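Below: the structure, in structure tokens.
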Ligand SMILES: CCCCCCCCCCCC
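Numbering (the entry's author numbering), first residue to last: 3 to 113.
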């Protein structure tokens with residue numbers, strides 16, 4: 003009914019993504035090779051993007067089929083884009099801090 007049609011496929015995709023995320027969380031043991039700034043960061047970014055896309059699709063489909071007391075419902079798309087941007091910025095800042103720590107541990111000018 004409410005979750006039928008595109009909602010069913012979207013829910014299945016989101017459940018599969020959550021299962022993959024949990025599997026990756028289990029896989030992630032300790033840092034060293036396990037923590038990949040260039041690979042784990044991209045994997046997490048893709049996971050967040052897919053999750054936000056699925057949530058936005060579900061919410062939009064529900065609202066359009068039920069109406070909304072607000073103009074431009076796509077504002078939630080803007081919120082999802084902002085969340086993705088902030089997540090990517092946080093990941094980039096963490097990577098930069100890790101690189102700075104690695105350089106300092108090996109010797110580099112402070113300024
Ligand atoms: C665009 C591809 C970037 C690849 C970066 C590899 C980083 C390896 C670091 C190894 C440190 C010992």
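Quick reminder that beta carbons are idealized off the backbone N, C-alpha and C, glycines included.
How should residue 22 be labelled, buried or exposed, when 16 other C-beta atoms within 10 angstroms of its C-beta is the threshold for buried?
exposed
So, does the segment 3–16 touch the segment 54–64, judging by three or more C-beta pairs under 8 Å?
yes
If we ignore side chains and look at the alpha-carbon of each, how far apart do residue 53 and residue 105 end up?
35 Å
Within the continuous alpha helix (DSSP H) that includes residue 109, where are the two ends?
No alpha helix (DSSP H) holds residue 109; DSSP gives it neither H nor E.
Ignore the nearest five residues each way along the sequence and tell me which others in residue 13's own chain have a CB closer than 7 Å to its CB.
5
Can you tell me whether DSSP reads residue 72 as helix, strand or coil?
coil
Distance, residue 43 Cα to residue 93 Cα
7 Å
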